[PDB]
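Q: Handing over final.pdb, PDB, C-alpha atoms.
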ATOM      1  CA  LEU A 171      97.381 129.142  71.186
ATOM      2  CA  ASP A 172      99.306 131.839  69.149
ATOM      3  CA  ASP A 173     101.354 132.494  72.351
ATOM      4  CA  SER A 174     103.368 129.224  71.747
ATOM      5  CA  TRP A 175     104.562 130.672  68.345
ATOM      6  CA  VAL A 176     107.689 132.839  67.904
ATOM      7  CA  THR A 177     109.541 134.374  64.945
ATOM      8  CA  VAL A 178     113.348 133.899  65.024
ATOM      9  CA  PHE A 179     115.276 136.216  62.704
ATOM     10  CA  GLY A 180     118.608 137.768  61.693
ATOM     11  CA  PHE A 181     120.416 134.702  60.450
ATOM     12  CA  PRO A 182     121.888 133.913  56.984
ATOM     13  CA  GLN A 183     120.303 130.897  55.079
ATOM     14  CA  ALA A 184     123.529 128.780  55.555
ATOM     15  CA  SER A 185     122.974 129.092  59.362
ATOM     16  CA  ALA A 186     119.244 128.088  59.339
ATOM     17  CA  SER A 187     119.704 124.491  60.603
ATOM     18  CA  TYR A 188     122.255 125.669  63.285
ATOM     19  CA  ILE A 189     119.743 128.315  64.562
ATOM     20  CA  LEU A 190     116.811 125.792  64.492
ATOM     21  CA  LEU A 191     118.876 123.197  66.505
ATOM     22  CA  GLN A 192     119.907 125.966  68.933
ATOM     23  CA  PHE A 193     116.223 126.945  69.443
ATOM     24  CA  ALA A 194     115.308 123.204  69.974
ATOM     25  CA  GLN A 195     117.199 123.479  73.328
ATOM     26  CA  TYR A 196     114.539 125.860  74.764
ATOM     27  CA  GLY A 197     111.675 123.404  74.237
ATOM     28  CA  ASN A 198     109.935 120.906  71.993
ATOM     29  CA  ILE A 199     109.337 122.251  68.514
ATOM     30  CA  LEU A 200     105.923 121.091  67.198
ATOM     31  CA  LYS A 201     106.330 122.931  63.843
ATOM     32  CA  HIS A 202     108.805 125.280  62.185
ATOM     33  CA  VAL A 203     108.288 127.281  58.972
ATOM     34  CA  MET A 204     111.228 128.614  56.968
ATOM     35  CA  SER A 205     110.779 131.842  54.965
ATOM     36  CA  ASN A 206     111.222 131.295  51.194
ATOM     37  CA  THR A 207     113.112 134.618  50.731
ATOM     38  CA  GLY A 208     113.787 136.149  54.155
ATOM     39  CA  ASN A 209     116.182 135.766  57.065
ATOM     40  CA  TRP A 210     113.480 134.441  59.487
ATOM     41  CA  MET A 211     111.578 131.366  60.626
ATOM     42  CA  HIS A 212     108.439 130.646  62.605
ATOM     43  CA  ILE A 213     108.732 128.225  65.483
ATOM     44  CA  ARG A 214     105.840 126.661  67.374
ATOM     45  CA  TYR A 215     106.684 125.391  70.850
ATOM     46  CA  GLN A 216     104.832 122.790  72.975
ATOM     47  CA  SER A 217     104.057 125.468  75.626
ATOM     48  CA  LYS A 218     103.829 129.277  76.201
ATOM     49  CA  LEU A 219     106.710 128.864  78.772
ATOM     50  CA  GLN A 220     109.063 127.339  76.121
ATOM     51  CA  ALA A 221     108.203 130.258  73.752
ATOM     52  CA  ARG A 222     108.990 132.715  76.631
ATOM     53  CA  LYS A 223     112.466 131.057  77.033
ATOM     54  CA  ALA A 224     113.031 131.521  73.249
ATOM     55  CA  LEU A 225     111.778 135.180  73.506
ATOM     56  CA  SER A 226     114.365 135.940  76.269
ATOM     57  CA  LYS A 227     117.134 135.164  73.668
ATOM     58  CA  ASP A 228     116.166 138.260  71.630
ATOM     59  CA  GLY A 229     119.312 140.369  71.024
ATOM     60  CA  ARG A 230     121.660 137.527  72.128
ATOM     61  CA  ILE A 231     124.801 136.476  70.154
ATOM     62  CA  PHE A 232     125.161 132.855  68.931
ATOM     63  CA  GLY A 233     128.641 131.545  68.016
ATOM     64  CA  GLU A 234     130.101 135.095  68.582
ATOM     65  CA  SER A 235     128.859 136.088  65.060
ATOM     66  CA  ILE A 236     125.052 135.912  64.868
ATOM     67  CA  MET A 237     122.939 138.342  66.881
ATOM     68  CA  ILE A 238     119.439 136.837  66.761
ATOM     69  CA  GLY A 239     116.042 138.536  66.990
ATOM     70  CA  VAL A 240     113.085 136.802  68.696
ATOM     71  CA  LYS A 241     109.572 138.241  68.631
ATOM     72  CA  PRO A 242     105.986 136.924  69.074
ATOM     73  CA  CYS A 243     104.760 135.452  65.747
ATOM     74  CA  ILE A 244     102.216 137.751  63.993
ATOM     75  CA  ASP A 245     101.918 135.742  60.700
ATOM     76  CA  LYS A 246      98.230 134.628  60.967
ATOM     77  CA  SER A 247      98.511 132.546  57.707
ATOM     78  CA  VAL A 248     101.394 130.369  59.130
ATOM     79  CA  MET A 249      99.818 129.860  62.637
ATOM     80  CA  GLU A 250      96.210 129.122  61.372
TER      81      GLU A 250
ATOM     82  CA  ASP B 169     125.962 156.974  81.798
ATOM     83  CA  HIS B 170     122.513 158.514  80.849
ATOM     84  CA  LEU B 171     123.819 159.464  77.312
ATOM     85  CA  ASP B 172     123.787 155.655  76.513
ATOM     86  CA  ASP B 173     120.040 156.084  75.705
ATOM     87  CA  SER B 174     120.887 157.715  72.298
ATOM     88  CA  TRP B 175     122.812 154.482  71.287
ATOM     89  CA  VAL B 176     121.138 151.511  69.549
ATOM     90  CA  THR B 177     122.314 148.173  68.131
ATOM     91  CA  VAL B 178     120.953 147.283  64.658
ATOM     92  CA  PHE B 179     121.326 143.607  63.713
ATOM     93  CA  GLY B 180     120.384 140.651  61.502
ATOM     94  CA  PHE B 181     121.671 141.795  58.099
ATOM     95  CA  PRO B 182     123.965 139.913  55.609
ATOM     96  CA  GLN B 183     127.461 141.522  55.167
ATOM     97  CA  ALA B 184     126.614 142.843  51.623
ATOM     98  CA  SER B 185     123.666 144.883  53.006
ATOM     99  CA  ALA B 186     125.573 146.738  55.764
ATOM    100  CA  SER B 187     125.779 150.156  53.902
ATOM    101  CA  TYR B 188     122.098 149.799  52.880
ATOM    102  CA  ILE B 189     120.927 149.221  56.494
ATOM    103  CA  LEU B 190     123.125 152.102  57.863
ATOM    104  CA  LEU B 191     121.730 154.537  55.198
ATOM    105  CA  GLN B 192     118.193 153.335  55.978
ATOM    106  CA  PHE B 193     118.770 154.044  59.722
ATOM    107  CA  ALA B 194     120.150 157.563  58.823
ATOM    108  CA  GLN B 195     116.522 158.476  57.917
ATOM    109  CA  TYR B 196     115.390 158.217  61.593
ATOM    110  CA  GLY B 197     117.864 160.863  62.809
ATOM    111  CA  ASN B 198     121.371 162.291  62.713
ATOM    112  CA  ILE B 199     124.018 159.615  63.212
ATOM    113  CA  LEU B 200     126.905 161.005  65.316
ATOM    114  CA  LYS B 201     128.864 157.694  65.271
ATOM    115  CA  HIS B 202     128.396 154.174  63.952
ATOM    116  CA  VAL B 203     130.467 151.059  64.705
ATOM    117  CA  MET B 204     130.110 148.130  62.238
ATOM    118  CA  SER B 205     130.980 144.927  64.125
ATOM    119  CA  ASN B 206     134.000 143.225  62.590
ATOM    120  CA  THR B 207     133.007 139.900  64.273
ATOM    121  CA  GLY B 208     129.231 139.633  63.582
ATOM    122  CA  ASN B 209     125.995 140.785  61.864
ATOM    123  CA  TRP B 210     125.411 143.990  63.892
ATOM    124  CA  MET B 211     126.207 147.663  64.133
ATOM    125  CA  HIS B 212     126.133 150.218  67.013
ATOM    126  CA  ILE B 213     124.544 153.543  66.017
ATOM    127  CA  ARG B 214     124.667 156.719  68.098
ATOM    128  CA  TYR B 215     121.899 159.214  67.415
ATOM    129  CA  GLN B 216     121.840 162.958  68.179
ATOM    130  CA  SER B 217     118.999 162.336  70.705
ATOM    131  CA  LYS B 218     117.037 159.772  72.757
ATOM    132  CA  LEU B 219     113.933 160.478  70.544
ATOM    133  CA  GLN B 220     115.807 159.582  67.290
ATOM    134  CA  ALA B 221     117.016 156.327  68.973
ATOM    135  CA  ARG B 222     113.347 155.597  69.981
ATOM    136  CA  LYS B 223     112.287 155.987  66.282
ATOM    137  CA  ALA B 224     115.057 153.484  65.311
ATOM    138  CA  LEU B 225     113.945 151.130  68.184
ATOM    139  CA  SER B 226     110.344 151.067  66.812
ATOM    140  CA  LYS B 227     111.800 149.447  63.613
ATOM    141  CA  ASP B 228     112.680 146.245  65.546
ATOM    142  CA  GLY B 229     111.180 143.191  63.772
ATOM    143  CA  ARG B 230     110.430 145.202  60.569
ATOM    144  CA  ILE B 231     111.342 143.922  57.036
ATOM    145  CA  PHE B 232     113.680 145.951  54.770
ATOM    146  CA  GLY B 233     113.806 145.205  51.020
ATOM    147  CA  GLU B 234     111.234 142.354  51.521
ATOM    148  CA  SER B 235     114.120 140.021  52.614
ATOM    149  CA  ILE B 236     115.872 141.464  55.701
ATOM    150  CA  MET B 237     114.033 141.399  59.023
ATOM    151  CA  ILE B 238     116.115 143.765  61.195
ATOM    152  CA  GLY B 239     116.534 143.704  64.950
ATOM    153  CA  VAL B 240     116.877 146.948  66.962
ATOM    154  CA  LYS B 241     117.760 146.975  70.657
ATOM    155  CA  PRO B 242     119.285 149.450  73.185
ATOM    156  CA  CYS B 243     123.120 149.293  72.911
ATOM    157  CA  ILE B 244     124.720 147.479  75.899
ATOM    158  CA  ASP B 245     128.414 147.609  74.756
ATOM    159  CA  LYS B 246     129.862 150.122  77.266
ATOM    160  CA  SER B 247     133.386 149.905  75.700
ATOM    161  CA  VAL B 248     131.916 151.241  72.404
ATOM    162  CA  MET B 249     129.731 153.961  74.096
ATOM    163  CA  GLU B 250     132.298 155.182  76.706
ATOM    164  CA  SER B 251     135.086 155.419  74.045
ATOM    165  CA  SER B 252     132.923 158.246  72.483
TER     166      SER B 252
END
Since I need it in another form, could you write the structure as structure tokens?
A:
Amino acid sequence: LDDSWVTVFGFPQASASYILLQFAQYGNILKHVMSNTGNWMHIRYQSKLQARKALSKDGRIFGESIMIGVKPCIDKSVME
Amino acid sequence: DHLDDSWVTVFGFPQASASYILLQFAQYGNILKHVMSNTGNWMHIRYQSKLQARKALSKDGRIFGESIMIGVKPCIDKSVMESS
């Protein structure tokens, strides 16, 4: 079930709710965890397919100014 | 068009940390050219070799200074690469 989790990164804190709303277009978000210090968040999708759609956005530019990273989530503490 | 393999795009850093990230990526090889985007949070780095670019690529998703998770991908901007 870790395959439905992704880590979205490379955004400033002021852009966090824009990036989250943008990633809500690729599927239903069951849970999202914002990093206290860092420029990343953990998103849990409803299905592995929705997470794959989010993963395909890795290296893409949002609003012509934010290049976003998307990788499989490896934070065992957040997922468990 | 094969020489594009020594180019990488480093991204995801706040504007204040641009010099820090470039100097950090200078440790993975000799930087022949670097282009800091003047429209977004990324930079195009050209290494001396394909191997140095591969070392930089392996740093994709890694955390610098405990607060900046950096993205590293092959450079796809042909206007930036062909100009060199």
Q: Any idea what's packed within 9 Å of residue 171 (chain A), counting all atoms listed in the file, ignoring anything in its chain fewer than 5 positions away? Could you give it as a short mmCIF file (atom, residue, chain, number, x, y, z; two decimals) with C-alpha atoms, in the frame of the given file?
A:
data_model
loop_
_atom_site.label_atom_id
_atom_site.label_comp_id
_atom_site.auth_asym_id
_atom_site.auth_seq_id
_atom_site.Cartn_x
_atom_site.Cartn_y
_atom_site.Cartn_z
CA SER A 217 104.06 125.47 75.63
CA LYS A 218 103.83 129.28 76.20
CA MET A 249 99.82 129.86 62.64
#
Q: Determine, counting all atoms listed in the file, which protein, DNA and RNA residues have an atom within 10 Å of an atom of residue 189 (chain B); residues of the same chain fewer than 6 positions away are not included. Present the result as a count of residues only.
A: 10
Q: Given all atoms listed in the file as the basis, pick out the residue of B:240, B:223, B:208, B:216 nearest to residue 233 (chain A).
A: B:208
Q: Let me know the residues the PyMOL selection byres ((chain B and resi 221) around 12) catches in the file above, as a ChimeraX atom specification.
A: /B:171-178,193-200,212-220,222-228,240-243
Q: Go ahead and compute the interatomic distance for CA of residue 235 (chain B) and CA of residue 206 (chain A), in Å to one decimal.
A: 9.3 Å
Q: Once the PyMOL selection byres ((chain A and resi 175) around 7) is applied to the coordinates I shared, what remains selected? I want it as a ChimeraX atom specification.
A: /A:172-174,176,212-215,221,242-243
Q: For the provided coordinates, the residues matched by the PyMOL selection byres ((chain A and resi 238) around 10) should be stated as a list in words.
A: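 Applying the expression gives residues 178, 179, 180, 181, 189, 210, 227, 228, 229, 230, 231, 232, 235, 236, 237, 239 and 240 of chain A; 179, 180, 209, 210, 238 and 239 of chain B.
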Q: Grab the CA of residue 203 (chain A) to CA of residue 190 (chain A) distance for me, in Å with one decimal place.
A: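 One can read the CA of residue 203 (chain A) to CA of residue 190 (chain A) distance as 10.3 Å.
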Q: Any idea what the distance is between CA of residue 246 (chain A) and CA of residue 184 (chain A)?
A: 26.5 Å
Q: Just checking: using only C-alpha atoms, which residue out of B:229, B:250, B:186, B:244 ends up closest to chain A?
A: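 Once distances to chain A are computed over only C-alpha atoms, the minimum belongs to B:229.
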Q: For chain B, which residue among A:244, A:224, A:191, A:198 is the nearest when counting all atoms listed in the file?
A: A:244
Q: So which one's closest to residue 225 (chain A), A:195, A:247, A:211, A:241? Using all atoms listed in the file, please.
A: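 The answer is A:241, which sits nearest to residue 225 (chain A).
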Q: Name the closest residue to chain A among the candidates B:183, B:252, B:247, B:192; distances are taken between atoms, counting all atoms listed in the file.
A: B:183
Q: Tell me which of B:246, B:251, B:207, B:234 sits closest to residue 234 (chain A), counting only C-alpha atoms.
A: B:207
Q: Using the file's own x, y and z axes, so that the box edges lie along x, y and z, what centre and edge lengths in Å (one decimal) does a box around every listed atom of region 179-196 of chain A get when 6 Å is added on each side? Give it as JSON.
A:
{"center_x": 119.0, "center_y": 130.5, "center_z": 64.9, "size_x": 21.0, "size_y": 26.6, "size_z": 31.7}
Q: Step by step: locate chain A in the block above, keep C-alpha atoms, then write the file as a compact mmCIF listing (two decimals), in the first residue's frame.
A:
# COMPACT_ATOMS: atom_id res chain seq x y z
CA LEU A 171 0.00 0.00 0.00
CA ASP A 172 3.16 2.26 0.04
CA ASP A 173 2.83 2.44 -3.79
CA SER A 174 -0.13 4.94 -3.43
CA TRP A 175 2.25 7.38 -1.57
CA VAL A 176 4.42 10.01 -3.30
CA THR A 177 6.75 12.80 -2.15
CA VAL A 178 6.25 16.15 -3.96
CA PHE A 179 9.13 18.60 -3.59
CA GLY A 180 10.89 21.76 -4.79
CA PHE A 181 8.31 24.35 -3.85
CA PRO A 182 8.57 27.37 -1.48
CA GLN A 183 6.26 27.31 1.66
CA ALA A 184 4.08 30.19 0.24
CA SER A 185 3.25 27.87 -2.74
CA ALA A 186 2.33 24.77 -0.62
CA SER A 187 -1.48 25.08 -0.96
CA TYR A 188 -1.17 25.87 -4.75
CA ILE A 189 1.00 22.71 -5.27
CA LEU A 190 -1.37 20.54 -3.11
CA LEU A 191 -4.46 21.75 -5.12
CA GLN A 192 -2.54 21.12 -8.37
CA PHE A 193 -1.72 17.54 -7.24
CA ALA A 194 -5.45 17.01 -6.25
CA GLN A 195 -6.19 17.04 -10.04
CA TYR A 196 -4.32 13.71 -10.55
CA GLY A 197 -6.49 11.81 -8.06
CA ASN A 198 -8.20 11.70 -4.69
CA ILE A 199 -5.88 12.63 -1.86
CA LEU A 200 -6.58 10.44 1.22
CA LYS A 201 -3.83 12.12 3.32
CA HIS A 202 -1.12 14.73 2.87
CA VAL A 203 1.75 15.51 5.28
CA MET A 204 3.59 18.83 5.15
CA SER A 205 7.27 18.94 6.19
CA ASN A 206 7.86 21.18 9.25
CA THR A 207 11.16 22.58 7.84
CA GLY A 208 11.60 21.34 4.27
CA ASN A 209 10.36 22.11 0.77
CA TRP A 210 8.40 18.80 0.43
CA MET A 211 5.14 17.03 1.22
CA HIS A 212 3.89 13.47 1.31
CA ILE A 213 0.72 12.70 -0.60
CA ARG A 214 -1.31 9.51 -0.34
CA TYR A 215 -3.55 8.78 -3.31
CA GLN A 216 -6.65 6.53 -3.49
CA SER A 217 -4.87 4.23 -6.01
CA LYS A 218 -1.40 3.23 -7.37
CA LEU A 219 -2.57 4.59 -10.82
CA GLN A 220 -3.27 8.10 -9.37
CA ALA A 221 0.23 8.06 -7.74
CA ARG A 222 1.72 7.05 -11.16
CA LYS A 223 -0.01 10.12 -12.77
CA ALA A 224 1.55 12.33 -10.02
CA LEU A 225 4.98 10.61 -10.58
CA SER A 226 4.87 11.45 -14.34
CA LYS A 227 4.87 15.20 -13.34
CA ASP A 228 8.44 14.88 -11.98
CA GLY A 229 10.61 17.62 -13.57
CA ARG A 230 7.55 19.54 -14.90
CA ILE A 231 7.11 23.35 -14.53
CA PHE A 232 4.01 24.74 -12.74
CA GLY A 233 3.00 28.38 -13.35
CA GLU A 234 6.21 28.90 -15.47
CA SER A 235 8.21 29.34 -12.19
CA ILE A 236 8.13 26.14 -10.11
CA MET A 237 9.87 23.01 -11.38
CA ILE A 238 8.50 20.23 -9.17
CA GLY A 239 10.08 16.92 -8.13
CA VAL A 240 7.94 13.79 -7.64
CA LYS A 241 9.36 10.56 -6.24
CA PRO A 242 7.99 7.41 -4.50
CA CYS A 243 7.58 8.11 -0.75
CA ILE A 244 10.31 6.41 1.36
CA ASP A 245 9.37 7.98 4.76
CA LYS A 246 8.25 4.79 6.65
CA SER A 247 7.22 6.86 9.76
CA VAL A 248 4.70 9.01 7.73
CA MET A 249 3.19 6.05 5.72
CA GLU A 250 2.89 3.61 8.74
